[PDB]
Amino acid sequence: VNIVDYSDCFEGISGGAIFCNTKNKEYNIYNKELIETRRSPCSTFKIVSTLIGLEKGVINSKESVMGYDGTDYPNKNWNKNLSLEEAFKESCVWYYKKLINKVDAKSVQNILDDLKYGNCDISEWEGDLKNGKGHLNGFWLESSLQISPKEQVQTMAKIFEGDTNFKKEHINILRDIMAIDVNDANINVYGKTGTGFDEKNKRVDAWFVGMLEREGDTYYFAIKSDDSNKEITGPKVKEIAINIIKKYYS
């Protein structure tokens, strides 16, 4: 465990980072207190909910559809019968809500328990209804389920090193749809953003979680901001994460 200083890449934004290479158990940690603090995963839960849906047969491939019903949404790309790949990349809430609501709560509880997914608390299945957004809510969106950045990395490692019971075919579907382009062909980066606002503490939950492959070595990582500035989003923390990867992990 090496404590490191990534502050320059954070460019004044409050946050922390953890990178882990499980081949040589080297843990690089910036802001240890924050890296161990549990918070809502927000849209980073799509990594796990995709695997749940695949395991239960609700979806089957990166083409799979969830039967769009014509409801009007402000994001143009949500207004279609989009595939799993598109729903993941567009963070389509209705698709992932419909997917998870086809799965019984005990199945979800047991999968989160097996993954050690933070507090594994799905008690508020409906999510944070007091925000007024109704069915555009759930236990993983600023609600009962909470996970620390370190636990995110531990979960990512368990999944992608083949240490869970999820099918290898399903893990490869997730790998494919998580791949991002960082304009450097010598590293393969995979990840997912998440954005929430913690109404209790007046702080954002801005995430980028994923993995980095660079010539035989693999690093599992989680970058997290808790800034009070509502402008700080998942996509913004992904930029920060990419800056760290290019500076320290290339």
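Numbering starts at 1 and runs along the sequence shown.
- Looking at mean Cα B-factors across 26 to 34 and 53 to 61, the upper value is held by 26 to 34.
- Relative to one another, 222 to 230 and 7 to 15 have unequal mean CA B-factors, and 7 to 15 is the one with the higher figure.
- Highest CA B-factor among 67, 216, 70, 194, as stated in the entry: 216.
- The entry lists a Cα temperature factor for residue 151 that places it in the lowest third of the chain's modelled residues.
- When the modelled residues of the chain are ordered by their C-alpha B factor, residue 48 lands in the lowest third.
- Ranked by C-alpha B-factor against the other modelled residues of its chain, residue 167 falls in the highest third.
- In this PDB entry, the Cα temperature factor of residue 157 sits in the bottom third of its chain's modelled residues, the lowest group.
- Residue 180: CA B factor lies in the highest third for its chain, per the PDB record.
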